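Notes follow the structure.
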Amino acid sequence: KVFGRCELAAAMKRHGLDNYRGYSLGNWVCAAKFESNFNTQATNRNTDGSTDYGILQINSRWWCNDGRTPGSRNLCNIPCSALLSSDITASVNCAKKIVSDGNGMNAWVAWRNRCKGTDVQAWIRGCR
Amino acid sequence: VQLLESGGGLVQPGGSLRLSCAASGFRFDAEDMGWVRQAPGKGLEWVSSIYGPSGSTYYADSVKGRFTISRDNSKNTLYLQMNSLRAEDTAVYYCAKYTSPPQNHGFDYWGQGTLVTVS
């Protein structure tokens with residue numbers, strides 16, 4: 001499914017992302033927008049032979065297993081296919097582990113390029 | 001930080017070609033790096049990688065056994081040896097790297113690119 005902006009804000013709130021590792025909920029919503037355009041089924045083949053999966057475009061080299069990626073480590077211990085559903089739980093769980101490493105949200109390339117330092121809270125403004 | 005590819009050119013099928021990539025502004029010897037190409041009217045496609053201090057190499061299936069990726073640490077230069085060239089190997093080739101790993105989007109930094117034409 002393609003989530004609405006305020007709809008995804010709320011799911012992410014209920015899943016404990018607001019202020020997770022100091023990153024406010026607009027951060028997470030802005031990330032989704034520019035990574036997947038709110039589309040839980042989005043998949044993109046990358047220049048290193050890895051693939052990114054799901055609403056937060058979780059990567060198959062470091063975090064999930066798709067069976068076909070060079071130097072994969074599977075640090076989330078999950079199949080990438082399990083991240084393409086309308087339930088964002090597994091993407092969120094993997095997000096929390098990702099953001100707890102050195103890199104913080106800089107692990108999401110669209111976040112660091114389009115979101116970082118911006119009025120990210122505008123992404124959840126007007127939501128209930 | 002900079003990557004700068006040379007020298008593609010025209011080669012007959014069956015021929016060979018060695019590409020280089022002069023690298024600067026970072027610690028070359030242990031950096032994850034690779035080659036990517038963009039063929040006429042297709043997206044960027046991964047070709048090869050070399051990872052970490054071990055220098056573990058990986059290759060896309062269309063090139064395995066024909067290409068070899070190499071580092072020259074003394075000169076901070078990355079090489080791609082291309083043998084047994086075929087018409088479908090025609091593409092712009094790019095040397096590439098991660099700007100801030102671990103990350104998504106694959107390699108996000110690449111050079112200007114060098115053209116290889118195989119006819």
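A, B, ... follow the sequence lines: proteins, then strands. Residue 1 opens every chain.
Below 30°, between 30° and 60°, or above 60°: for A/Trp108 and A/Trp28 the angle between ring planes is above 60°, a perpendicular geometry. The aromatic rings of B/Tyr51 and B/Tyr58 sit tilted, their planes meeting at an angle between 30° and 60°.
Exactly one of A/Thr69, A/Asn59, A/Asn44 qualifies for a side-chain hydrogen bond (donor to acceptor under 3.5 Å, both in side chains) with A/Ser50. That residue is A/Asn59.
Contact annotation: the side chain of B/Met33 never approaches that of B/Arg71 to less than 4.5 Å [non-hydrogen atoms, C-beta and beyond]. Proximity of B/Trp35 to B/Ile50: side-chain heavy atoms (C-beta onward) are nowhere separated by under 4.5 Å. Between A/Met12 and A/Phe3, every side-chain heavy-atom pair lies at or beyond the 4.5 Å cut-off.
Although no hydrogens or angles enter the test, the distance criterion places a donor-acceptor pair under 3.5 Å between the side chain of A/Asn103 and the main chain of B/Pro102.
Per the SG-SG cut-off, A/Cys30 and A/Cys115 are bridged by a disulfide [distance under 2.5 Å]. With B/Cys95, the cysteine B/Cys21 has an SG gap short of 2.5 Å.
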* Assess whether ring pair (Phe, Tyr, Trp, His ring centres under 6.0 Å) is satisfied between A/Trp62 and B/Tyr98, documenting all intermediate values. => CA-CA 13 Å; A/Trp62 276 286; B/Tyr98 302 95; 5.1 Å; yes
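A 6.0 Å sphere centred on NZ of A/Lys1 holds more than 12 heavy atoms belonging to other residues, nucleotides or ligands. Applying the 6.0 Å contact sphere to CZ of A/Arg114 captures no more than 12 heavy atoms from other residues, nucleotides or ligands.
Hydrophobic clustering (ILVMFWY, side-chain heavy atoms < 4.5 Å, transitive): A/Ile55 and A/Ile78 are in one cluster.
With no hydrogens or angles considered, no side-chain donor-acceptor pair links B/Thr117 and B/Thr90 at under 3.5 Å.
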